[PDB]
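Okay, here we've got a single chain as structure tokens, the form deposited in one PDB entry, with questions on binding and movement later.
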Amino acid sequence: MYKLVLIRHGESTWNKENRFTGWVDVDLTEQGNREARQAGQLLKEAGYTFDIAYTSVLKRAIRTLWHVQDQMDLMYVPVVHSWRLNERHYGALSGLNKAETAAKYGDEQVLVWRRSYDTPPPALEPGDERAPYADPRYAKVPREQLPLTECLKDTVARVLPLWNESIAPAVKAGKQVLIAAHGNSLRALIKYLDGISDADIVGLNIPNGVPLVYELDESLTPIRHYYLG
């Protein structure tokens, strides 16, 4: 029996502005901060603890983690910040208002761009300011592994090495893990963990700032899962 807690970052600015975010490094709203703080308080009160946490390199997730740590009195635990946990990359949609985009390209198109397992949004041009190449966060990521766009499928491919190489061993080592990540990177990981089919994942949505608890057996096969609070 292992427990693993997932939590999606609190409400970000672009969440609130209903803008596609992906790799753009936007921060938490005040509400996002509340949610993160409330999640940490929830975890504290339910008596949960952590020996390690995993996060992306995007401040909305890390700041959420911070608030969780702050509330749980766990600011001292090792935190692994991984670009592998990054939100799904939204290519040339990053920054665009979702309502405006669906008005322009149709809801269907947008729904494909948002939830197609295998078909990514349109890509960033390699020369877009928003491309990841010159970002210090990715300085050690081999260029050809940095996306200009992603579908969930890419996200799953990107997350898995972090799971296999780091999180799973941490869990089996008996470390109590928190993963603070993103809507679609958590969908990606959860797709893997729950062995969810390509069609079945399409409808999964994870609210901001709600601890999602996984109980895992000795082979790390999910037993059940549940949100806290």
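What we label the rigid core is the largest C-alpha set whose atoms superpose within 1.5 Å from one form to the other. Shifts are known only where both forms have a C-alpha. Quick note: we count residues from 1 along the sequence shown, nothing fancier.
The protein also exists as the form deposited in another entry; that form is not presented, and the subsequent description refers to it.
(message) Can you tell which residue in 111, 75, 157, 80 has its CA shifted by 2 Å or more between the shown form and the other one when the core is superposed?
(response) None of the others reach 2 Å, which leaves 111.
(message) For a quick test of reading the superposition: does residue 131 move by 2 Å or more at the CA between the shown form and the other one, rigid core aligned?
(response) No, the C-alpha moves less than 2 Å.
(message) Core superposed first: is there a CA shift of 2 Å or greater at residue 96 between the shown form and the other one?
(response) No, the C-alpha position differs by under 2 Å between the shown form and the other one.
(request) Would you mind telling me if residue 115 and residue 185 are closer or farther apart in the other form than in the shown form, C-alpha to C-alpha, with a 3 Å or larger change? (result) Farther apart in the other form, by 3 Å or more.
(request) Report the direction of the Cα distance change between residue 127 and residue 104 in the other form, compared with the displayed form, as closer or farther; the change is 3 Å or more. (result) Closer in the other form, by 3 Å or more.
(message) After superposing on the rigid core, which segments of 3 or more consecutive residues have every C-alpha shifted by 2 Å or more between the shown form and the other one?
(response) Shifted run of three or more residues, which all move 2 Å or more: only 102-116.
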